Every structure is written in C-alpha cells, then in structure tokens.
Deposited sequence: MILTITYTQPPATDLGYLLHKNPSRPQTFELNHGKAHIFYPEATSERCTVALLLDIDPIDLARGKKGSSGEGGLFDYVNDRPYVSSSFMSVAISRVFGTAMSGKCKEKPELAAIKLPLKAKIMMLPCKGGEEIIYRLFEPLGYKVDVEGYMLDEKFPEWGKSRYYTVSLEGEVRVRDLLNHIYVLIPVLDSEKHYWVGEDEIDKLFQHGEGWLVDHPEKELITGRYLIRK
C-alpha cells in the first residue's frame, strides 16, 4: 500500500525538515519481509509531497514508525514552531484493504476533524485533509490503519483517543 503526505505552506519544503527526510534523496528501507521506498514526488516552495510505498514479500505502521520516527515524537530541530502547531495537511492512503467497508473508515477519521474521502475498487483509497500537527497525522494513521484490517496505543493514542466515539473498538 502507499502513503502520501502533502503540504503547501510556502516554504512547502519545510515538510522535509518536519519529516526529517531530505526531499533530494530517495531511500529504501529493508524490513521484515518487504521493502519501504520513500521519496518526494514534489519538493518546491509551493508544494511538497512525500510518498512511502510498501512492497511486501500493520506493515505500514511498522514502516511509518521506522521511517518517520522522529517526526512522530513531535520534534523538529530546525522548525520547532511548525512541529508545535496545527498545519494544513493532506494525506492519502492507497490500497487499504478494509473488511468493515467504508463506513468504519469515516467512523475512525471524521471524529478527528478530517474531511474524509473514500474510494473503493476490495481495497480502498482514503483521503484526509485537516489542520492537525505532523505528529498527530502520523499517529492517527499508525493507530487506525491496523484497526481497519497496548504500549503502541498508549504512546500513540495520546490526546485524541479518550474523546473518540470509537475508542473502545480501537482499544
């Protein structure tokens, strides 16, 4: 499956510092039973988009924490203010299998303040757009993706999970 994240606040290339991954340097990570590729299809002052493509042979969550580890912690040494604030962000998850249909997807992400779009073909493409922190976009995806198929949930459920109408399903 694939994850993209798009940010357009000029210098949109700041997403590079926030994710702690240089736009000019595509990279591959060897995982348990598969590869993760990361690159930025777009890295200008107007638009910046990161992609993380999973090649296999929960895995995304693993890939997300392996690749976007420091961003998850909430830290950005070079732009401490952008890490700290809600940014206008778009994210896309392509080829997400989900037994519970699209209704459970809306049910997990809408409560978090995301405008949510679901496209089916059974795999899904989910589009999210909101004003959230980097670390919270990543945390949500990291926690909810597996649910759609306790320390983790403790560390990454932080400051959103308590007020979640589906918090018990998630738990």
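According to the record, no C-alpha positions are given for deposited positions 58 to 86, 151 to 162, 191 to 201, 224 to 230, numbered from 1.
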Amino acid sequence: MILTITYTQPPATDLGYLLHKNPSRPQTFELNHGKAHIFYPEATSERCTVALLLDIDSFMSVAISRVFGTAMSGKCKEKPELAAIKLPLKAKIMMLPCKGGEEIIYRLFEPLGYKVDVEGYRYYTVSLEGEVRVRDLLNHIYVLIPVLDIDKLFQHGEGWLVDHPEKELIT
From here on, numbers count along this sequence of modelled residues.
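Judged by mean Cα B factor in the deposited record, 25 to 33 ranks above the other of 25 to 33 and 109 to 117.
The mean Cα B-factor in the deposited entry runs higher for 157 to 165 than for the other of 157 to 165 and 15 to 23.
Note on the listed residues 122, 47, 66, 140: the highest Cα temperature factor in the record is that of 122. Taking the deposited Cα B-factors for 91, 71, 96, 85, the highest one is held by 85. Residue 56: CA B factor lies in the highest third for its chain, per the PDB record. Looking at the C-alpha B-factors along this chain, the one for residue 8 belongs to the middle third.
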